[PDB]
Structures are given as structure tokens and as C-alpha cells.
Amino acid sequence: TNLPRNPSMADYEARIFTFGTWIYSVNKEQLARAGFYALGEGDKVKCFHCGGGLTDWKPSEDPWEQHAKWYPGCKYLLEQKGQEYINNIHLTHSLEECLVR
């Protein structure tokens, strides 16, 4: 019942093709696999399914982790990585905040 917000980008290849001019350290193959396609604008990327937008990618950041961190509600993410993966990213954040602050 949760239709993708961008059906034309539902294909992996459809997404990698948006990374023609891709000059950034974060891997194009990983970004597409994680559901993201580039917007031809900064390093801005969007998830074809949930429509989540991400920018300012740091050297060693995982597209999957960042997808779950910011947009845990994504159906595509859930089907690819499962509940555990998602809940883990969020359990970690809470534990860490709880241990420090």
C-alpha cells in the first residue's frame, strides 16, 4: 500500500545513470544500491521510494547507515536490510546519547 514516490527511479540502472557527473568520494554504486539517485545539484541525493534527501556526505559514510539514520520509515530500506538493521542504527544513537549526556 506504500507506493514509491518516484517510480521511474525504481530500477537500479535508472539510478546509476544519474551519476554521470559524479565527482564525490562517496561511492556511486553504494548510493544507487541504497535507493538514492543524484539530483544534478551539489551532492544532493534522494531516495526513489521514501523521497528522503541527503547532502554533505563525509569521506567514510555508509549510504545504507545514513538512509536508516535519517529515514527509518522507508519501505525499500526495510525490504533490503530488514527490521534488525534499522532498529540497530536507532538503538545505537539512543545508547550513545544516554551514555554521554
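Basically, rigid core = biggest C-alpha set you can superpose within 1.5 Å across the two forms. The first residue of the shown sequence is 1; numbering continues from there.
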Return whichever of 7 to 15 or 21 to 29 has the larger RMS Cα deviation from the displayed form in 6 other deposited structures of this protein, where every structure is aligned on the rigid core. 21 to 29
Given the B-factors recorded for C-alpha atoms, which segment has the greater mean, 84 to 92 or 14 to 22? 14 to 22
Sorting by Cα B-factor within the chain, modelled residues only, which third would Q66 end up in: lowest, middle or highest? lowest
Ranked C-alpha temperature factor of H49 among modelled chain residues, by third: lowest
Split the chain's modelled residues into thirds by Cα B-factor; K75 lands in the lowest
